[PDB]
């Protein structure tokens, strides 16, 4: 069944918003979908336990009715690097558990999207990063680019390292994190030339609750 890992040029660039658009597009295409945020930090308390906002968005945007824990097995309250808070709270992050969770979703979904945490090299332990897990799973990678000054360098750095890891950069998504500025078209042209993967689409600046906006329309899944 189809599976994609979604990474970004940094934290706070639109990975979650773009992942929701991707999931909406896949449901529209007739797939049985599931979003997966194996590791999450920066989460709020509820009577059921901690809930992360990205995991909730992926859950809501999945075509299947999924239990929270199946979407997000590892939830940390403090918004810091996963390895730091995992070591502090004595709750190790295990590659095998992350992988089992992906398999569990595949029991029911035929199209699974996995959202990473932070950027490509976010540490999970003092000796293991998210990039290590993606490499183990041999997942095709989708790069989310928040269109802003500095994004060309970050997109190029991320694409080069993914390629060096022997992984496939399946595509990229442009996300308009701020209102339109002067060199938007020039930036889009530059990124299109430099990133060695198809541009899947562009999400416009959507000030109010973009995670639940109808954004599937901005993604062309036939390019993926």
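Positions refer to the first chain, counted from 1.
Mean C-alpha B-factor is higher over 102-110 than over the other stretch, the pair under comparison being 102-110 and 142-150. Two stretches are in play, 172-180 and 31-39, and the higher mean C-alpha B-factor belongs to 172-180. In the PDB entry, a CA B factor belonging to the lowest third of its chain's modelled residues is recorded for residue 6.
Per the PDB record, residue ranking by Cα B-factor puts residue 164 in the highest third of the chain. In this PDB entry, residue 88 carries a Cα temperature factor that places it within the highest third of its chain's modelled residues.
Placement of the Cα temperature factor of residue 59 within the chain: middle third of the modelled residues, per the deposited record. Residue 50: CA B factor lies in the middle third for its chain, per the PDB record.
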